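Sequence lines, in order, name chains E, C, B and X.
Take 1 as the starting number for the first sequence in my numbering and just add one per residue.
Take 1001 as the starting number for the second sequence in my numbering and just add one per residue.
Take 2001 as the starting number for the third sequence in my numbering and just add one per residue.
Take 3001 as the starting number for the fourth sequence in my numbering and just add one per residue.
Ideal Cβ placement from N, Cα and C applies to all residues, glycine included.
To start, the structure itself, in structure tokens.
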Amino acid sequence: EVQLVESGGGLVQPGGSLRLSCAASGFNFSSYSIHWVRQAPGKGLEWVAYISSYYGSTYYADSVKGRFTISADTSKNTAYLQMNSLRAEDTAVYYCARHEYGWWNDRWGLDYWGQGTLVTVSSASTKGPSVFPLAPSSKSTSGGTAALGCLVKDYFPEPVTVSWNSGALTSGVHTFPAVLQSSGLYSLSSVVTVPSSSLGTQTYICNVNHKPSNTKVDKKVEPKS
Amino acid sequence: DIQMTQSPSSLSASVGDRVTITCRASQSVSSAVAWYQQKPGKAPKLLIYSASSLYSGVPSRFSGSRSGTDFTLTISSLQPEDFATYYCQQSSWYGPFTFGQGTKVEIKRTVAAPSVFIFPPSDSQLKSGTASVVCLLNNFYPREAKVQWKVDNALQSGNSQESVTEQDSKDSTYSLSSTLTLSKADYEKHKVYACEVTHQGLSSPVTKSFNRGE
Amino acid sequence: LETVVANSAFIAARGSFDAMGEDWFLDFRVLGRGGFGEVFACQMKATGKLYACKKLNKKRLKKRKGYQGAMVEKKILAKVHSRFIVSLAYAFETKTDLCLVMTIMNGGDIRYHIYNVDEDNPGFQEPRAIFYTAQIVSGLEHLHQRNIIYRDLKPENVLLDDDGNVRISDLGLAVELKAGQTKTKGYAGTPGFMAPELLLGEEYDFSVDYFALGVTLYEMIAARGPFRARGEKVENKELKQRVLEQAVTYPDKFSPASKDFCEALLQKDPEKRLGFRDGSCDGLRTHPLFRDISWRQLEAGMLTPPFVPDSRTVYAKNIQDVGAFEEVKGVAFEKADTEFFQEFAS
Amino acid sequence: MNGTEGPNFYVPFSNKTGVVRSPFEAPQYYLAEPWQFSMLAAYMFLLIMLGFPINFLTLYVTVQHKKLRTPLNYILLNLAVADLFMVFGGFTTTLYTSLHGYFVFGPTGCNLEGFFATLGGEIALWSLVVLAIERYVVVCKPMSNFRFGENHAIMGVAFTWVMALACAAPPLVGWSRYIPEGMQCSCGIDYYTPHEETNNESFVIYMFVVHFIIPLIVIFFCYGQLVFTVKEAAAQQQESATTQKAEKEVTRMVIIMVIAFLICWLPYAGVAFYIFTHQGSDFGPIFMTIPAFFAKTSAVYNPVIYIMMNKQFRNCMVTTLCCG
Ligand SMILES: NC(=O)c1cn([C@@H]2O[C@H](CO)[C@@H](O)[C@H]2O)c2ncnc(N)c12
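Here it is as structure tokens:
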């Protein structure tokens, strides 16, 4: 069923060991195969390796070979993937597949997938955001409507939330998806479009709240000379 | 394994259109194909199993047909919630499982040009030792666009990162940020920061630029 | 040529049918050459019903010294009958042969159907093989409950009736164990359908029939035995070595359930061989393979067979393409032989 | 009268050139030319060269396969033996004599050659009849609740011999006579004149009725029935491609089989009958060699038809040729 909840979350260092473990229940694992399917963030679905109860056939994908050691349990229906070599492509919101066994020799798709809990492979340390103003565009795109924003840079772990004027401004706000930088720290920009005529007559302050470090920074954004 | 090749790579169709996407497996897998709907930050939903048999609790606008090597998923009437990436899959009960490359179904609307804004790095940004110049392309359609960064007319490559917002609920436009990252030391040896935007909505490349001082 | 004409005349007779001695049965074409002499179709003039008549030629009996084998088949089949063991109707003799007249199975034999399903694609698909395996199991079980070791079982001795249900037949290479033994030596059976124990001349129990079941199931799907290649069968000596030494190979045509099941039966050692361990034959039935089979309905004959034989086109063997064995080179019968011949007739 | 009757010869070239004497002592060149004798000798050599291997193979192959040893092949073996009688009795003698251009074995030789040639051809004739009977009985089933066994086959074989002797033996005891036919290098039955004084007339009537008309009726009956049966059966069995192909094949074969019986004995019957109904019909000496050509060639074409064109024999021959 839908109850295939990862309980193997948390950061784990590259080359480390963490045993991803399916909280599988609502069915009996012996007519199904709990082979590990990984939805990598903003990227397509892939297969890791086969899992079987009685049958005991296990086969890897040709890209995770010997970097994981499959294991299984039918006393709780948990399927444990041992981690023992990791890269950075082993970051995914892991899900547990559930695949029907035939009714003659029938192959089906994967009936259910998990609710996931994020697993990350990273060497980066905790560090709140430095919040810099992205000053108004008024040296080009003059008059009418001007855009301004805040660059929220060098934070980790994700997420970071950005609001404007303590949540009083949220209209016309486009908060872009995070991009992984070379450092191993995420950065994004949040922008808001405002009247060019309101500039230097209204203060626009981005209120940045990074929950993992409990780091809150209110950074004023004003036209510069 | 058995390679799964999705076609078309992307398509753009309006609401209430009949959309058929095709998937070709390199080797025949018999009737043993599935189709998924993936919308970002959600669990994949199974649509079709056995190449053509609907999964329970899936709308009846989705259907699949065909066998051999050429498999199909058909959406009879497109909806504004059928903005998704659709993945085909081959299954085997004694072989590998392999997925497609995804077919991007885009919800179509009229062409729109981007309003182009360039934002200076502040002095505060310079203190960290980095200068980020951010270019915003606001409310344009289609999603595809090309941003070219030029500093002093020198092409910038391999030091800029692009991020595109997920489709706006405002009117079904896209916005795109292109962030050019330089050192402070490079920034202070430069002057002209130009963001050139080439897009379908535009009839010529539009350059927005500023000179250092902000 | 003439063989098609003879087949056509049989078909003509069948059509009429659908709608002792040699002076009591009108004789048609042979349907095979059994273990002992011919097995031809024939018809009672007194009721207009078709029967197969396994004739055991007096000549061929003397040559092979097949006197024991004849008596065994008679006494066992005469006493033992089920829904998966053919009825025996008459035991008389004629001028030149001893006769056992048994009920028709004008649907052909499983061996025939392996290649007849499609010449360029021999062997059945998974549902059809599974179905037949389940029916064979019920027939074997019926023998085992009566404490009979068959020591053989092969596709050509598994006959289809008109409906498309299969039955085992021919109990001439069997032995009925008494209470006081549970294992016995021998060398009974046809090579390749004989278990390791049989070949080594060792004592064996009921196990050997389950080995044969494994060989049968494998052969239905792959169109070859576990111990020989497609459309080839090696010499008895080499075949004996294959059975004893070789581990079974499998394609992925098999489902995991069928693969595992087949392995369990083709296991070498009676103790690890799935089947009757003198507990139940229903331990075998618990295997996941039979989740697609309803045993209660199977035993009651209420399940629809996967293939239904045509009632016009007969799938019995062509006459001149059946087996053969030499008749005597001048060799005149012993007193003993004559005494057996009179005794056989009832 | 198309020839000249004598005490023990019948030249089918009438005496009117004043050189026509006994062809047992006179070289014949006044009713044939030297080239015609060379062609005769060539032809007789051919019939031996083909006939002996074909018939030897028929006997040979049967010993090596179980299924051939069955009762229904006995008559076929008998046919092959019959043909061989014609080869060594008729053909070989005629080959020797032709190169002298006349018959050099004398009146006694003529009786010998005529006996073996007739015996051969008659066993062959009655074999074809018996074979047709067996096919009719087995397939059309006029009598039911009987099994065809070894004994019945043997009776069938014996019957052909008895009927053959019934024809070959009479000209030796003066009921008709053997006398030279054709180019005077083979001896046939006298029927060229139904002359009372030599008893030709009664013999010709006996032959025509019992040994041609009777066979002809039986052959037509049996094969007519067989084709009828097979068409009906095939109509009720159009659920197999094989049966339809077979039906066409069998019908074609039966036409060939009937024609082959006709060709062999019809010339003798035709000529004899015409001469019986009206006497004064003149024919040449070479004309009387024509019936002999047709009859003698059946030693080759009968086993080709009745052995080679059967599935069972074919398989067996291939196995034996590929080591056996
Ligand atoms: N003994 C029997 O009752 C029969 C054996 N055969 C054929 O005879 C062959 C040799 O046993 C088999 O493979 C079948 O083709 C049969 N064919 C049809 N009906 C039957 N009752 C039998």
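1. Check the C-beta distance from B/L2160 over to B/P2309 and give it rounded, since I have them as a contact under 8 Å.
2. Tell me whether C/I1075, by its Cβ, gets closer than 7 Å to a heavy atom of ligand 1.
3. Rounding to the nearest angstrom, what Cα-Cα distance links X/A3132 and B/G2021 in this structure?
4. Any beta carbon from chain F within less than 8 Å of E/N105's own beta carbon?
5. Since B/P2256 meets chain C, which of its residues come closer than 9 Å, beta carbon to beta carbon?
6. Would the stretch 2192-2212 of chain B and the stretch 2143-2157 of chain B be scored as touching if the rule is three or more Cβ pairs under 8 Å?
7. Who are the Cβ neighbours of E/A97 in its own chain at under 6 Å, not counting the five residues just before and after it?
8. Quick one, which of C/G1068, C/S1065, C/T1085 and C/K1045 has its alpha-carbon nearest C/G1057's?
9. Verify the CB distance criterion: does E/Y55 have a CB-CB separation below 8 Å to chain B?
10. Are there 16 or more other CB atoms within 10 angstroms of the CB of X/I3217, so buried, or fewer, so exposed?
11. Is E/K224 close to chain C, meaning its C-beta is less than 8 Å from at least one C-beta of that chain?
12. Let me check one thing: in DSSP terms, what residues is E/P133 bridge-paired to?
13. Could you give the uninterrupted runs of the alpha helix (DSSP H) lying entirely in the stretch 1033-1074 of chain C, keeping only those of 4 residues or more?
14. With a Cβ-Cβ cutoff of 8 Å, do C/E1214 and E/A135 count as a contact?
15. In the DSSP output, what is C/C1023 paired with across the bridge?
16. Run the proximity test for B/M2102: is its beta-carbon closer than 7 Å to any non-hydrogen atom belonging to ligand 1?
17. Where does X/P3180 fall in DSSP's three states?
18. Taking all protein chains shown into account, decide if E/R19 is buried (16 or more other Cβ within 10 angstroms of its Cβ) or exposed.
19. Let me check you understand the geometry: is the CB of B/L2077 closer than 7 Å to at least one non-hydrogen atom of ligand 1?
20. Quick one: which chain E residues come within Cβ less than 7 Å of C/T1098?
21. Could you give the uninterrupted runs of the beta strand (DSSP E) lying entirely in the stretch 3084-3144 of chain X, keeping only those of 3 residues or more?
22. List the residues of chain C that E/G102 touches, going by C-beta distances under 7 Å, in chain order.
23. Give me the Cβ distance between X/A3269 and X/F3220, rounded to the nearest whole Å; I'm assuming they're in contact under 8 Å.
24. Does E/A168 come out as helix, strand or coil in the three-state DSSP assignment?
25. Please decide whether C/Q1148 counts as near chain E, where near means a Cβ-Cβ distance under 8 Å.
26. Distance check for B/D2097 and B/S2294, CA to CA, integer angstroms please.
27. Pull the bridge partners of B/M2102 from the DSSP assignment, please.
28. When you compare the CB positions of B/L2031 and X/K3311, do they come within less than 8 Å of one another, or not?
29. Could you say which of E/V191, E/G9, E/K224 and E/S137 lies nearest to E/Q115 if we only look at CA atoms?
30. Taking 8 Å as the CB-CB limit, is X/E3239 close to chain B?
31. Could you list the residues in the stretch 2244-2255 of chain B with a C-beta less than 9 Å from some C-beta on chain C, going in chain order?
32. My output table needs one value for B/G2015: the three-state DSSP class, helix, strand or coil.
33. At a cut-off of 7 Å, would you count residue 2348 of chain B as near ligand 1, judging by its Cβ distance to the nearest heavy atom?
34. Could you check where the alpha helix (DSSP H) with X/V3230 kicks off and where it finishes?
35. Just verifying my parser: in three-state terms, what is the DSSP assignment at E/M83?
36. Could you give the distance in angstroms between the alpha-carbon of B/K2317 and the alpha-carbon of B/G2037?
The answer reads as follows:
1. With a Cβ gap of about 6 Å, B/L2160 and B/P2309 count as contacting.
2. no
3. 27 Å
4. In summary, chain F is missing from the structure at hand, where the protein chains are E, C, B and X.
5. Chain order gives the chain C residues near B/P2256 as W1093 and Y1094, where near means a beta carbon separation below 9 Å.
6. In the pairwise beta carbon analysis, the stretch 2192-2212 of chain B is classified as touching the stretch 2143-2157 of chain B: at least three pairs are separated by under 8 Å.
7. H35, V37 and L110
8. C/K1045
9. yes
10. Around the C-beta of X/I3217, fewer than 16 other C-beta atoms lie within 10 Å, and the residue is accordingly described as exposed.
11. yes
12. E/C150
13. If one requires a minimum length of 4 residues, no alpha helix (DSSP H) run lies completely within the stretch 1033-1074 of chain C.
14. Yes, these two residues count as a Cβ contact at 8 Å.
15. C/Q1006 and C/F1071
16. yes
17. strand
18. exposed
19. no
20. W47
21. none
22. Chain C residues near E/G102: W1093.
23. 14 Å between Cβ atoms; not a contact.
24. coil
25. no
26. 44 Å
27. B/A2052 and B/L2088
28. no
29. E/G9
30. yes
31. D2252, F2254 and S2255
32. helix
33. With chain B covering only 2001 through 2346, there is no way to say anything about residue 2348 of chain B.
34. First-last of the alpha helix (DSSP H) with X/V3230: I3214 to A3235.
35. strand
36. 15 Å
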